[PDB]
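Below: the structure, in structure tokens.
Letters go in sequence order (proteins before strands), and every chain restarts at 1.
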Amino acid sequence: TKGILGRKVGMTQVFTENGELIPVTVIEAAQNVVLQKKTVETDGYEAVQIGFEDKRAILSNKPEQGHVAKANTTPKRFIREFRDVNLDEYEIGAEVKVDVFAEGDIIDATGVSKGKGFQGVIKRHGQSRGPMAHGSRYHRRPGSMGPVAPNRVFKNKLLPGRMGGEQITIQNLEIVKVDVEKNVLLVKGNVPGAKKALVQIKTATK
Amino acid sequence: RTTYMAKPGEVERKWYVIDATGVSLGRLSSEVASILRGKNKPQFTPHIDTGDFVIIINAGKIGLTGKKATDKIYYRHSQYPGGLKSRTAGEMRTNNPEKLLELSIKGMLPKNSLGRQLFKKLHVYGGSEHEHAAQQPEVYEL
Amino acid sequence: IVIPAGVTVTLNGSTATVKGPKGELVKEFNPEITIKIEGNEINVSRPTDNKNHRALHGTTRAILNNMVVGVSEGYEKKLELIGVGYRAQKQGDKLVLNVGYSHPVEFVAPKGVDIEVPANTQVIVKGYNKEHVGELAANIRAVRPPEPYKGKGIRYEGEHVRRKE
Amino acid sequence: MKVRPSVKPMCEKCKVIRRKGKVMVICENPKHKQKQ
RNA sequence: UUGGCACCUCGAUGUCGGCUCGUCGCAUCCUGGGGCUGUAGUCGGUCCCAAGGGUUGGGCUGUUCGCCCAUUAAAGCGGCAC
RNA sequence: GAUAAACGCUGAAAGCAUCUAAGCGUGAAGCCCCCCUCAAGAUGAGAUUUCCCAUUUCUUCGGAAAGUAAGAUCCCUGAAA
Ligand SMILES: CCC[C@@H]1C[C@@H](C(=O)N[C@@H]([C@H]2O[C@H](SC)[C@H](O)[C@@H](O)[C@H]2O)[C@@H](C)O)N(C)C1
Ligand SMILES: [Mg+2]
Ligand SMILES: [Mg+2]
Ligand SMILES: [Mg+2]
Ligand SMILES: [Mg+2]
Ligand SMILES: [Mg+2]
Ligand SMILES: [Mg+2]
Ligand SMILES: [Mg+2]
Ligand SMILES: [Mg+2]
Ligand SMILES: [Mg+2]
Ligand SMILES: [Mg+2]
Ligand SMILES: [Mg+2]
Ligand SMILES: [Mg+2]
Ligand SMILES: [Zn+2]
């Protein structure tokens, strides 16, 4: 199981050798370093901690500087753990390049979905509108809060509230191209998040 | 008038270690509840906590008579519609015995703020080893 | 119960070990039921007379008898494939049956059981542990149990299959 | 299988037994299988 | 369900159908497992286990219901102030 | 992985028989996992890595207050929020 951290650059399309045209997400994954290895003896579980993008000194504090000094590297914007990896691979301070993947590798992409702010039940939960005419005064409303008997509302009556900005995993995206000199992965289809969003690419759990 | 009342930290609370191997789940629990509550001390004061600390070891070997291992069901409700989960006493004695004994003893403690303090004095271990050697626990017989 | 030549029946507390020529067995019996060892003969001791003990008695006898006869001459359950294109093959340690399915069905015998196949139309299951022979033989029969209309499928060699139109 | 509160021998071959605290009759004739 | 009674509510407990939102039971409509069959096969019948998910769009009528058209794996039956 | 109905193996009680009493196996879209998300206010408040260090004057006493460290905020430019 291999893993890397990249930024979503954007979407485009590529023609396959076949001739088919496929949509791709461009993930730029430069400056991934191995910062720490967690073992069962020390931490209670196997994981490798990867630091992604380089960050100006004045944006880092002394606690951060002390943690990346152990891996002889500069402060890092994003630090994430990968579990289910082989710790025998990964030396502390080693770069992690996008060539840990190959064209045809099936990956899971994890990121935070775009923020839509306060949203109603129609957009947030795909509920149906009431009629728009025939005397209706019920358009974009949540529906009955429930029956009478329990003198209260059950605990998953879906209602308006803040919509996106959740963690999302898309499973089984094909890697379409790996460009090491550009530190670029091309992934078939889309991954969560706005442009410039952290994307965690790891080998498909399935 | 003149009846004695224990003050907090007046009565010496002792540490006891009790082997659960073979004893009916209740029977163990009912005796332990009395020790936690302090019902075995003449200084017993209903509002204070004069009881002792209890370590139970070998909770995995606790006794369940009849078909209780398969037929005694422990229920939890999440408070979500249809959120009732169930476990057999048997499965719980195999995988989470610390939980089994805590459920059994919690039910036999007073249902109040002091009852919740008494529960904090109970330490259950599936096996034979605890990490409370510093507290110099004394073996207790039922 | 009579012990034959080569058989060494020992007793370690409640559990009996019976090592013979064909193989070796270890079966744990109920404590209170006590079993007496002698140079040639074995007798079982029923202490009290309660439904529990009356039963266990006959079982501890039966199983010990089975164990002992198990390591002496042994146990052979024999199966008989019926139906056009039903054939058994023996390739290594895998009994490969072709019994009318789109896939072939394969069986690896456990530790002590052996599946020799004289003819393609019949199978035989040798072993010392009688229940282990019983189970494997049943598991093989389970693949295509005899059907009532043309009697096709895997039967035991003595089995009496009910027949319909 | 016949599942019914009244379980009883339907022919001379029918045997009444108990499995797992359930009365049943087993028989050579499969029509006579009954569980209570 | 059709009822019986008149115990809460007449200083008001809004009453049918639909819409929105469901949630629960299982006496299961589909899908899963299985026994018997007057089970050759393909289809079925009947019973047992099973409530995870699923369980259509129209014509007529205020309707519920029902009939019909066309589908569907299936077009379940009930409770929650019908 | 463990089970339901069910099917068995071995097997007495009950010289037979019997899936069951002791003992083994098979066996469901269901149960528990596996998959996705939240989650230590899990007051039972967990763990790992890293950073700062032992200041001053009072307080009989316990403790208090008042400059700071690492770090954070106010304020300001904003949006991917
Ligand atoms: C078969 C009906 C049985 C009776 C119904 C109910 C009643 O009187 N409802 C009032 C209601 O009028 C308005 S709704 C328009 C009010 O807002 C509402 O609160 C309420 O008073 C009116 C409809 O008659 N009674 C308690 C029992
Ligand atoms: Mg937004
Ligand atoms: Mg609509
Ligand atoms: Mg309007
Ligand atoms: Mg209430
Ligand atoms: Mg009257
Ligand atoms: Mg009023
Ligand atoms: Mg049912
Ligand atoms: Mg109309
Ligand atoms: Mg109504
Ligand atoms: Mg038998
Ligand atoms: Mg299994
Ligand atoms: Mg499915
Ligand atoms: Zn009969």
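For F/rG15 and F/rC16, a centre-to-centre distance below 5.5 angstrom together with a plane angle below 30 degrees is not found for the six-membered base rings. With a 5.5 Å centre cut-off and a 30° plane cut-off, the bases of F/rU48 and F/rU49 come out stacked. Stacking between F/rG44 and F/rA45 is absent, since the six-membered rings do not have centres under 5.5 Å apart together with planes under 30°.
A/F154 comes within 4.0 angstrom of the backbone, heavy atoms only, and of no base. Within the nucleic acid shown, A/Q167 comes within 4.0 Å of sugar-phosphate atoms alone, with no base atom in reach, counting heavy atoms only. Residue-level contact check: D/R18 touches the backbone only, with heavy atoms under 4.0 Å from sugar-phosphate atoms and none from bases. Residue-level contact check: A/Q127 touches the backbone only, with heavy atoms under 4.0 Å from sugar-phosphate atoms and none from bases. Using a 4.0 Å heavy-atom criterion, one finds that B/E91 contacts no nucleic acid atom at all. Counting non-hydrogen atoms under 4.0 angstrom, B/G82 reaches the backbone sugars and phosphates but no base. Using a 4.0 Å heavy-atom distance criterion, D/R19 is classed as a base contact. B/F119 comes within contact range of at least one nucleobase, with a heavy-atom separation under 4.0 Å. Residue-level contact check: C/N129 touches neither bases nor backbone, having no heavy atom under 4.0 Å from any strand.
No Watson-Crick or G-U wobble pair joins E/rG14 and E/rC26 with the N1-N3 or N1-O2 distance and the second distance both under 3.5 Å. Judged by Watson-Crick and G-U wobble geometry, where both atom pairs must sit under 3.5 Å apart, E/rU31 and E/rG52 count as a base pair. The bases of F/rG27 and F/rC61 do not line up as a Watson-Crick or G-U pair with both contact lengths under 3.5 Å. For the criterion of Watson-Crick or G-U wobble pairing, both bonds shorter than 3.5 Å, the nucleotides F/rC31 and F/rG1 count as partners.
Syn is the glycosidic conformation of E/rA27, whose angle stays within 90° of 0. Look at E/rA12: its glycosidic torsion is within 90° of 0, and that puts it in the syn range. Glycosidic torsion of E/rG44 falls outside 90° of 0, placing the base in anti. Base orientation of F/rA29: syn, since the glycosidic angle falls within 90° of 0. With a glycosidic angle no further than 90° from 0, F/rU20 counts as syn.
Two residues, A/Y138 and C/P148, neighbour RNA chain E, and the one matched to the more 5' nucleotide by heavy-atom proximity is A/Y138.
In terms of polar N and O atoms assigned as donor or acceptor, the side chain of B/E98 never comes within less than 3.5 Å of the base of F/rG44 in a complementary pairing. For C/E28 against F/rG23, a side-chain-to-base donor-acceptor contact under 3.5 Å is absent. Scanning atom types as modelled, no donor and acceptor separated by under 3.5 angstrom connect the side chain of C/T60 and the base of F/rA12.
Atom CD in D/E12 sits about 16 Å away from atom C1' in F/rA17, given to the nearest Å. The NZ-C1' distance, from A/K62 to F/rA69, rounds to 11 Å in whole Å. Rounded to whole Å, atom P of F/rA21 lies 21 Å from atom CZ of C/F29. In this structure, the CD1 atom of C/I63 is 16 Å from the P atom of F/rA21, given to the nearest Å. In this structure, C/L136 atom CG and F/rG8 atom P are separated by 18 Å, rounded to whole Å. Atom CD in C/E131 sits about 12 Å away from atom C1' in F/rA22, given to the nearest Å. Atoms CG (A/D84) and P (F/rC36) sit 10 Å apart, rounded to a whole Å. Residue C/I140 contributes atom CD1, which lies 13 Å from atom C1' of F/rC9 at whole-angstrom precision.
A distance of 9.0 Å separates CD of A/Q119 from CZ of A/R140, quoted to the nearest 0.5 Å. We find the CD1-CD1 distance between A/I50 and A/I79 to be 11.0 Å, quoted to the nearest 0.5 Å.
Only the P atoms considered, E/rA50 is 14 Å distant from F/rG30, to the nearest whole Å. Annotation: E/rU37 and F/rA6 have their P atoms spaced 16 Å apart (nearest Å). Taking the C1' atoms as reference points, F/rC51 lies 28 Å from F/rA39, given to the whole Å.
Sugar conformation at F/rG44 is south: the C1'-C2'-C3'-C4' dihedral has a negative sign, consistent with the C2'-endo side. Pucker assignment for E/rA27 gives south. The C1'-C2'-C3'-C4' angle has a negative sign. Sugar puckers are classed by the sign of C1'-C2'-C3'-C4'; that of E/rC26 comes out south, on the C2'-endo side.
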Reading nucleotides 72-81 of chain F 5' to 3', which nucleotides get B (base under 4.0 Å from a protein heavy atom), which S (sugar-phosphate only), which -? S-------BS
Protein heavy-atom contacts under 4.0 Å, written 5' to 3' over nucleotides 30-37 of chain E as B (base), S (sugar-phosphate only) or - (none), form the string -----BSS
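Pair assignment for F/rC24: F/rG8, on the basis of Watson-Crick or G-U wobble contacts that are both within less than 3.5 Å. E/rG66: Watson-Crick or G-U partner is E/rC60, with both key distances under 3.5 Å. The partner of F/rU73 is absent, by the rule that a Watson-Crick or G-U pair needs both atom distances under 3.5 Å.
Side-chain contact of B/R87 with B/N95: a donor-acceptor pair under 3.5 Å is absent, judged by distance alone. One side chain, B/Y125 or B/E131, offers a donor N or O that lies under 3.5 Å from an acceptor on the other. Side-chain contact annotation: A/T74 with A/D54, donor-acceptor N/O pair under 3.5 Å present.
Separation of the B/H130 and B/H123 ring centroids does not fall under the 6.0 Å cut-off.
Within 6.0 Å of atom CD in B/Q79, 12 or fewer heavy atoms from other residues, nucleotides or ligands are found, so the atom counts as exposed in its surroundings.
At the phosphate of E/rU23, neither OP1 nor OP2 sits under 4.0 Å from any side-chain N or O atom of A/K155.
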